[PDB]
Amino acid sequence: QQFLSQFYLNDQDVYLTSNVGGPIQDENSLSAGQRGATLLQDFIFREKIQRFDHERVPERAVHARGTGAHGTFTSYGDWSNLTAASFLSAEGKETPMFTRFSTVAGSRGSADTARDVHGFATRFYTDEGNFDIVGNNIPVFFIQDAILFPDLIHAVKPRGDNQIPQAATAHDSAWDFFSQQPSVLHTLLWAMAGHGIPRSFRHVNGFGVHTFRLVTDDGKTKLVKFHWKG
Amino acid sequence: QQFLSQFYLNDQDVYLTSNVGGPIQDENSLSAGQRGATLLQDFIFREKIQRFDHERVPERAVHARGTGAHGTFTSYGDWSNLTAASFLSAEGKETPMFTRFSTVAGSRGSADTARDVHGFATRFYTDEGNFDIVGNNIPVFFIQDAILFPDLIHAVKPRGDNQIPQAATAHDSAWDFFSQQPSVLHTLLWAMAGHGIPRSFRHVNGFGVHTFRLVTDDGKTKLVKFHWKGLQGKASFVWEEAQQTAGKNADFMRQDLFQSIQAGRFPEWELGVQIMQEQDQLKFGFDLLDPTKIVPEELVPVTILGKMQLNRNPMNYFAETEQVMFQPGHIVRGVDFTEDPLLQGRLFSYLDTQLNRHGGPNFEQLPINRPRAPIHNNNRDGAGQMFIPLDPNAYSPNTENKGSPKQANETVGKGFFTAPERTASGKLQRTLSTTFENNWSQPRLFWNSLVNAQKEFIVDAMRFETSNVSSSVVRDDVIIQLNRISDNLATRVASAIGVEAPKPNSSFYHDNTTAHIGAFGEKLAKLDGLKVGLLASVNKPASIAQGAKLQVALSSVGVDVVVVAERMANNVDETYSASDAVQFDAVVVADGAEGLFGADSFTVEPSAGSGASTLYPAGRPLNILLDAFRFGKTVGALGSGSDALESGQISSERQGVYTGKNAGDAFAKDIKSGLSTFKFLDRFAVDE
Amino acid sequence: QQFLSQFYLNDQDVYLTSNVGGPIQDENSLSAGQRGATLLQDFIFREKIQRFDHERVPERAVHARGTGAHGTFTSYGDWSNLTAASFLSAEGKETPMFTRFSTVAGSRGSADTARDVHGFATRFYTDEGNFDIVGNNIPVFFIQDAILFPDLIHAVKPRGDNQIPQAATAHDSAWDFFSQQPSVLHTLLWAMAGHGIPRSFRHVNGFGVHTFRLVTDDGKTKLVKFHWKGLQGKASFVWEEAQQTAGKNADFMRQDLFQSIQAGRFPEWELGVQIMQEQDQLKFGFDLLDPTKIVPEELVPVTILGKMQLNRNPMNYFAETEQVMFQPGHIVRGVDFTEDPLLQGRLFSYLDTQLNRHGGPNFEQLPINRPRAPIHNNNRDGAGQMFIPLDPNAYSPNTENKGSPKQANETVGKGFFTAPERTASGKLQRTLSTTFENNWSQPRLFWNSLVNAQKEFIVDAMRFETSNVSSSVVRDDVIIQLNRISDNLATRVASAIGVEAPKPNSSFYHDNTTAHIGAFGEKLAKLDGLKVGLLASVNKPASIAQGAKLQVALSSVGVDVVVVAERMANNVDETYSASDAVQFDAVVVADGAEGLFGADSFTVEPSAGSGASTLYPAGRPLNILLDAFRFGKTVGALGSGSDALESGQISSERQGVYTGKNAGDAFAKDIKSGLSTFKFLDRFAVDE
Ligand code: HDD
Ligand code: HDD
Ligand code: HDD
Ligand SMILES: *[C@@H]1O[C@H](CO[C@@H]2O[C@H](CO)[C@@H](O)[C@H](O)[C@H]2NC(C)=O)[C@@H](O)[C@H](O)[C@H]1NC(C)=O
Ligand SMILES: *[C@@H]1O[C@H](CO)[C@@H](O)[C@H](O)[C@H]1NC(C)=O
Ligand SMILES: *[C@@H]1O[C@H](CO)[C@@H](O)[C@H](O)[C@H]1NC(C)=O
Ligand SMILES: *[C@@H]1O[C@H](CO)[C@@H](O)[C@H](O)[C@H]1NC(C)=O
Ligand SMILES: *[C@@H]1O[C@H](CO)[C@@H](O)[C@H](O)[C@H]1NC(C)=O
Ligand SMILES: *[C@@H]1O[C@H](CO)[C@@H](O)[C@H](O)[C@H]1NC(C)=O
Ligand SMILES: *[C@@H]1O[C@H](CO)[C@@H](O)[C@H](O)[C@H]1NC(C)=O
Ligand SMILES: [Ca+2]
Ligand SMILES: [Ca+2]
Ligand SMILES: [Ca+2]
Ligand SMILES: [Ca+2]
Ligand SMILES: [Ca+2]
Ligand SMILES: [O]
Ligand SMILES: [O]
Ligand SMILES: [O]
């Protein structure tokens, strides 16, 4: 935890300060007398409220609703005859990880247990760079070309006029798209089976979905599918 | 709609183009051969995906979950002896509006029917500028100084470590804050009464909360509270029903509004003011600058100014509803502020926060934010500058542009002006006014004024909520604060949560009341948009036919009949699988459907010989009927449909349970009576 | 102008308002009493100051310093057998244009007359989409792969530690990069010849630089170089005169363009193409995909397609010029890309960078970026969404919107299409093409083709620049690379900078030339907007009168006479204090003014008894004349005004020095002859 701990702020038994280290109080606005108007020169009020006013950032365009945890990866072998990937270079080799699980369609306050495909995004903080396998709990995806992504997502997400319905495929546009673009059918069956409504993030598998290459230092390749077997 | 239609993009029967008008196709990436890598020179791909990648904007910091509609205001009078406001200058004068309703705490995509305070934000596009009354459905707010807003909101919103729980006060921090800051108690009681879980946005009132000033052209002022008096009638849920609605339809209230407008059932509110004098700030026994205090209508009546009707849904939710940027600083000549420290700091926040949302300074140039009145000033540039100023000399005083734009003030040009007799006096200080210190008498006033069931609903809300508070210190501190309102309230809550019954503290106890202040106790004024679920069967076609018959008897009051059956046969509106009691204001068993309601239907083993339906979960028809009864809804049965009531152990002898021979006028009359009552309160136990 | 006029704000004779149309005053903050603190509730103060505080947007990452003008393109033919581009579909067809000229390295306040490559960016608002040719005044670029752009620009721009020097290549890093990456040498020679320091934006040509494809409706292609052939004529400064102009008028070239247009002296360029076959890519001894290579006009002539005229200045610089966002990816049906790795990567950069400048995705909605053709697509939302899409079903394929918008491709809807015979072949790789490796033959071509004076200008520029390079290693590396172009060039430069004279390295030496490639050596085509400064005296009224007389004889060719005198008397245009040689294309001493030009005037002690003027610095009149002479300008004197030439040791026997009896036609004819020559090159020493 050593790395992230450098950025921790411990606020046990300390005096309040501004963001530039001036001790302050923050419970009453500065007023012209006891029942007076608030003064512009109250920098304490304004720095506090400006931070508040700007707390939010755009939700992710997809997978807005999700949950993260830290962990570790341990390699079971020296995989150098299959791949040059350093995090796989030795039996026992440990690499820190961060993983986020998610739904897809819902905004960031929508219910965990919406029916949906689920994200399964795993970062390895390897000693030769961050490596992310940005996967899902289903091994196949709805569409065959990235250029179609806005079509799929606009159809699944809420209607453009009224933003109904939240986190759901149970509406005309979604099924219009599925029927017009039958590539969708494999993932649709997975998501409408139990995989759409898992009991917990611990009770699913993960998948990279795409075929990738593993490459050795001398340029030899294999084609692979990545799996996370729970 | 003249104004906004200039920005409409009509995509009926047209060819696809880029954002710079180049016709394009957008279904296959450009590749090096049939199974090749995608090329960087594919600008069509990149422009499409770049727009997609950047669709989102920050949700509002509070009131993120909400829904909007267009409408119009009509003045009832020439109010010039009260206010110089142009939109109020003549009887029959009309002004366009846009209104957004909301919760407070939950993020985008959180359930409409979370328990919360609700936003009720109304823009008037006046001919002398945009005027916003950024109100709520509760007349009092939690805190007395805007500087405390981050404290309140951080305590109510999810924990900082794990972001749990969504859209809820049922956690330690919220109740820690409420008990540590007892100013919160008045709003807390409102929200934990029916006002926190309204049936629809059409079935609430609105409030400006703060005392404002009205000011005439000659500088004369009155202090006022702004009101929006709803013409449909207050209607609210019980908690277990609001929870179930959150699970079945997160969009329930937004959908109600959208559908009602599409159906021509336009909801209305009357704009009112409680008119007071400058000398009334402390005379009532509480401070008019204190946003935790109501002015009871027994002390100051509501003077009705005019009417709002909401009558058009947005064409594009993002462009219109998501991007609308309300501000209390959107004020017009004839209105002014007061020294309420909550209002005072709001003024700063709502100008600043739009920089976060829009990403730059030109947010007033968005179509939904633009005025319907000329703009002439020396403001310039900024990202996203959509206008092209012709004046190259953007300063005053100038001769190079002949002294224009010209200064407007009280005497020339119809300028805004601060009420001229307002004064300041005293030492500059950061202090809590001693006039703000009674945090408990008005909560008690509210509590005293409720029907027994709604007192119980508050107790049961608090019991539910505080049972989820892990800290014993917090639980005890909550009871100590509640006891200062009422020893009865405190005792009743304490008994669920393992806290010793408190001894009375008579400091703030009193028996005064104010009329009709709760969400419960009055009949609805209008039945528009309410729904009757008719539970029918495809195996008895006559049962389905009762829908249209019943509908003919209910259409004149704006009530819809929804026919529910096992599958989508002719004249069926929904399937049992797709249905739930929470969809329906009344539930009626159709004549001939009774066979679907057997008491063994929840648990019978669905063997191949059992006859168990695969078209819906085991017990679904009877679950809908029983949930409707338990939630307090109007329940009925036609003909032999009454056998289903017997299966459910529901007697028609109970209030709000109706039987009839057939779907004609006699039965419809009784269902209308039930719907007007809305909820049958005798189905809820009350402490003794 | 109809299209942009919809966004104009006219602020003549109107009252001031807020950005939401409330009339206001904006000259005093709201205070607690006459001498009190400012109040937070002053929304007028805060909206005004917030707009101010947020006026700025990021400068362009390159080409930050620039100037724009509106105009029109007219096609000279129906070019359909060469290209499907609609703006070229018919003789006479007009398309609106916006053009921005710029330097490259300097930030947005740096001097116009910095030595640099200049941008020449032309937008056609075509009826089938915006088409941008984002070019420069030099036909070749420094680097061969877009991935190198940050290397080139980081080396040329100011040092990372101290941000010195501004808008200049005269520092170690720049010359380190040029010598390490000899692809740079062709553009370097162009920029260190006159092309780096042009007299005005009207006195340069433009170039697309890259090879592009033109494509007919049936898929046939040609390879082309785009040209903008200016109709005024190439005209350039010497370095010392560009420096002086930077000190006296940082806006000199921006001012020139604005004034010329306001005068009706509209500058023109003809659009042309060098038309080549696909099979010509490696036929000519260099690779058409290599952007460091020209196609000599002796090998492929320029075919002229039509004409651009610039004829209207912006109404608001920020809204129009600062916010225009060009992109090579703004391409239309009938044009396609090539595999030039510089072009390839540009396509990514110009879409991406507008996110930085605009702060969000909807930059194509700014008025100046909008097309003059329909827009219909399924792109949605994003901050700053100015449109309201009516289609709630924004996906393909759809039935809910009846299959609209419809795909457009080669055969329906006039879609863009990639030229269909283009192929890819080979291993995926990060490599430099071997066809790109001759960095030196074409710089030698360019060098061979210059008049001797312009060779000397290149030498003298490089001596100036490299004398400012501290690193001995860099200086030596520069000389080694120059020497591969020409031993003469390298030797001449080395002698200024303490580097040993190099021995010849003859691999790339040759004697070929291409015609009229430099900035110097041809007479101007038009004299429009050139200025004659007439140096007169208020003490001799007849000297001032020569102004109007001379003007009458020069108006017909678009040349202005500016009368300079001691103070602003009748018919005086500028004071001596306010004047400099760099303002004038020709300088003439008026008859009667000679008394101001004494040879002792720089150093005379200005005591009470001396008669030294306080109206201008000591020696200013003679300084203007001497600078004009030394800079190569036309100089003249009328009548006894010729005494001033004597004082300045300027003989009328020299070329470009003219004496006249009076300000009549004969003298006017000599001044026109001088202006046409523009610079007198015999005043510059040349190596032997
Ligand atoms: C071309 C568009 C596109 C396409 C075809 C996909 N994604 Fe995606 N995805 C995005 C564009 C995108 C994104 C818009 O770039 C997001 C939103 C937030 C982010 O960081 O990336 C994202 C987020 C995102 C996340 C959330 C990561 C997190 O927890 O922060 C996951 C797990 C995936 N994607 C998984 C996938 C899978 C397994 C795909 C198909 C095999 C897929 N996406 C296709
Ligand atoms: C000082 C901070 C502060 C305080 C004390 C309040 N608000 Fe607030 N409110 C904001 C700061 C804010 C904000 C952060 O500025 C928001 C978020 C989005 C926005 O535009 O303003 C906002 C949004 C917001 C909205 C949503 C408008 C919409 O639909 O877009 C409503 C209805 C209210 N508020 C109502 C109130 C009421 C009636 C208040 C007490 C009487 C109140 N707020 C106090
Ligand atoms: C891969 C990076 C890259 C490369 C190799 C080039 N450019 Fe560039 N250029 C940009 C990246 C860029 C940019 C960072 O995207 C700019 C900054 C502002 C903008 O809109 O685009 C830009 C601006 C810009 C402008 C200013 C347009 C305006 O007036 O607003 C011109 C005229 C050019 N470029 C011309 C060229 C020429 C003729 C190039 C070589 C043949 C060239 N650029 C290569
Ligand atoms: C350009 O677009 C048309 C699209 O035409 C569709 O083609 C398929 C196959 O014939 C057919 O199923 C559709 O019904 C056709 N019509 C429409 C309106 O969709 C393609 O046919 C062309 O081949 C495309 N390609 C080129 C090179 O123009
Ligand atoms: C890799 O391959 C070679 C040959 O098969 C062998 O010597 C060695 O055991 C392998 N190494 C690893 C890392 O397993
Ligand atoms: C305002 O007051 C005056 C005096 O009471 C009265 O004459 C007039 O009718 C009033 N104006 C309006 C618009 O009611
Ligand atoms: C209002 O402004 C006018 C016109 O500028 C000014 O002359 C007049 O004195 C002002 N009056 C007040 C009330 O300040
Ligand atoms: C009701 O309020 C009045 C107003 O202050 C107060 O004086 C009175 O004592 C109260 N009566 C009761 C029953 O509490
Ligand atoms: C194009 O080509 C054909 C054949 O050369 C000819 O009929 C016609 O004149 C040409 N058209 C144009 C537009 O010049
Ligand atoms: C120079 O030009 C001649 C044309 O006569 C050509 O044959 C030759 O290849 C060119 N040489 C070089 C080195 O560019
Ligand atoms: Ca205070
Ligand atoms: Ca009954
Ligand atoms: Ca390459
Ligand atoms: Ca000098
Ligand atoms: Ca001469
Ligand atoms: O995704
Ligand atoms: O709020
Ligand atoms: O550039």
Side-chain angles (χ1 to χ4, degrees), chain A residues 27-38 42, chain B residues 25 27-28 144-148 289-290 339-342 344-345 426 429-436, chain C residues 58-68 98-104 117-123 132-153 187 206-210 217 219 226 291-292 321-329 340-354 356-358 363 368 396-397 403 406-413 415 417-418 420:
Chain A
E27 300 291 287
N28 294 287
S29 293
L30 177 65
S31 61
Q34 195 174 185
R35 295 174 68 257
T38 302
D42 188 352
Chain B
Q25 53 170 148
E27 298 295 286
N28 291 294
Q144 293 172 317
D145 189 319
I147 203 169
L148 302 184
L289 306 182
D290 177 356
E339 298 78 0
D340 171 329
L342 192 68
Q344 289 282 305
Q429 61 193 268
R430 292 175 165 83
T431 65
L432 174 59
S433 179
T434 60
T435 66
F436 280 26
Chain C
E59 73 185 19
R60 294 154 169 79
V62 285
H63 297 261
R65 178 73 189 173
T67 300
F98 193 75
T99 297
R100 189 172 176 278
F101 300 111
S102 52
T103 51
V104 179
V117 171
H118 295 73
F120 195 130
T122 59
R123 173 166 291 165
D132 293 347
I133 301 170
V134 186
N136 283 341
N137 80 309
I138 293 171
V140 289
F141 204 65
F142 292 102
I143 49 165
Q144 294 168 322
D145 189 320
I147 205 170
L148 307 182
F149 198 64
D151 299 300
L152 167 71
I153 298 302
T187 303
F207 306 87
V209 175
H210 310 288
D217 278 316
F226 291 115
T292 72
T321 303
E322 189 62 18
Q323 291 192 129
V324 69
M325 288 165 191
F326 289 99
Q327 297 195 47
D340 171 328
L342 195 64
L343 175 60
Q344 285 284 306
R346 284 180 80 204
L347 298 174
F348 169 80
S349 175
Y350 295 69
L351 179 63
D352 171 52
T353 201
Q354 316 310 352
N356 167 274
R357 285 165 64 180
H358 188 69
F363 45 85
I368 198 66
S396 310
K406 298 175 283 180
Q407 304 294 120
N409 64 7
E410 191 179 353
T411 60
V412 77
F417 63 102
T418 293

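FYI, side chains are in, hydrogens and waters are out, and symmetry mates aren't considered; it's all heavy atoms of this structure. Throughout, protein chains are lettered first and strands after them, A, B, ... in sequence-line order, and every chain is numbered starting at 1. In each ligand, atom 1 is the first atom listed, and ligand 1 is the first ligand listed.
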With [atom] as the reference point, say which of [options] has the nearest heavy atom.
{"atom": "atom 17 (C) of ligand 3", "options": "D145(C), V62(C), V104(C)", "value": "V62(C)"}
{"atom": "atom 43 (N) of ligand 3", "options": "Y350(C), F141(C), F363(C)", "value": "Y350(C)"}
{"atom": "atom 27 (C) of ligand 3", "options": "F326(C), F142(C), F101(C)", "value": "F326(C)"}
{"atom": "atom 39 (C) of ligand 3", "options": "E322(C), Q354(C), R346(C)", "value": "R346(C)"}
{"atom": "atom 24 (C) of ligand 3", "options": "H63(C), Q327(C), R60(C)", "value": "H63(C)"}

Checking a contact table here: which protein heavy atom is nearest [atom], and how many Å away?
{"atom": "atom 38 (C) of ligand 3", "answer": "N136(C) ND2, 3.2 Å"}
{"atom": "atom 19 (C) of ligand 3", "answer": "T353(C) CG2, 3.6 Å"}
{"atom": "atom 32 (C) of ligand 3", "answer": "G135(C) O, 3.2 Å"}
{"atom": "atom 1 (C) of ligand 4", "answer": "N409(C) ND2, 1.5 Å"}
{"atom": "atom 29 (O) of ligand 3", "answer": "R100(C) NH1, 2.8 Å"}

How far does [atom1] of [X] sit from [atom2] of [Y], to the nearest 0.5 angstrom?
{"X": "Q144(C)", "Y": "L342(C)", "atom1": "CD", "atom2": "CG", "answer": "9.0 Å"}
{"X": "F141(C)", "Y": "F207(C)", "atom1": "CZ", "atom2": "CZ", "answer": "14.5 Å"}
{"X": "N137(C)", "Y": "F120(C)", "atom1": "CG", "atom2": "CZ", "answer": "8.5 Å"}
{"X": "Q407(C)", "Y": "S396(C)", "atom1": "CD", "atom2": "OG", "answer": "5.0 Å"}
{"X": "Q354(C)", "Y": "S349(C)", "atom1": "CD", "atom2": "OG", "answer": "8.0 Å"}
{"X": "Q429(B)", "Y": "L30(A)", "atom1": "CD", "atom2": "CG", "answer": "8.5 Å"}

Query raised in the report: Is it true that a side-chain atom of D145(B) and a backbone atom of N28(A) form a donor plus acceptor pair closer than 3.5 Å?
Result: no
Report task. Heavy-atom contacts with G119(C) under 4.0 Å: which atoms of ligand 3 show up? List them by number with element. Result -> 32 (C)
Report task. Considering the heavy atoms of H210(C), write down every atom of ligand 3 situated less than 4.0 Å from one of them. Result -> 41 (C)
Can you find a protein heavy atom under 4.0 Å from [atom]?
{"atom": "atom 6 (C) of ligand 4", "result": "no"}
{"atom": "atom 11 (C) of ligand 4", "result": "no"}
{"atom": "atom 28 (O) of ligand 4", "result": "yes"}
{"atom": "atom 18 (C) of ligand 4", "result": "no"}
{"atom": "atom 25 (N) of ligand 4", "result": "yes"}

Query - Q327(C)/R346(C) under side-chain contact (heavy atoms from CB on, under 4.5 Å): CA gap, chis, key distance, verdict - result: CA-CA 8 Å; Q327(C) 297 195 47; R346(C) 284 180 80 204; over 6 Å; no
**Report entry** Test log, rule side-chain contact (heavy atoms from CB on, under 4.5 Å), inputs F436(B) and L289(B)
**Finding:** CA-CA 9 Å; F436(B) 280 26; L289(B) 306 182; 4.2 Å; yes
Requested in this report: Please state whether the separation between the Ca ion (ligand 11) and some N/O/S atom of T431(B) is under 3.0 Å?
Outcome: yes
Query raised in the report: Looking just at side-chain N and O atoms, do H63(C) and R100(C) make a donor-acceptor pair shorter than 3.5 Å?
Result: no
Requested in this report: Show your reasoning for whether side-chain contact (heavy atoms from CB on, under 4.5 Å) applies to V117(C) and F142(C).
Outcome: CA-CA 10 Å; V117(C) 171; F142(C) 292 102; 3.7 Å; yes
Requested in this report: Check each heavy atom of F149(C) against ligand 3 and say whether those closer than 4.0 Å belong to the side chain, the backbone, both or neither.
Outcome: side chain
Query raised in the report: Side chain, backbone, both or neither: which part of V134(C) has a heavy atom under 4.0 Å from ligand 3?
Result: both
Report task. Please determine if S102(C) has a nitrogen or oxygen closer than 3.5 Å to a nitrogen or oxygen of ligand 3. Result -> no
Query raised in the report: Does any N or O atom in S349(C) lie less than 3.5 angstrom from one in ligand 3, N or O only?
Result: yes
Query raised in the report: Can you find a pair of side-chain heavy atoms, one from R123(C) and one from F326(C), that are under 4.5 Å apart?
Result: yes
Query - Heavy-atom check, side chain of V62(C) versus side chain of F149(C), under 4.5 Å - result: yes
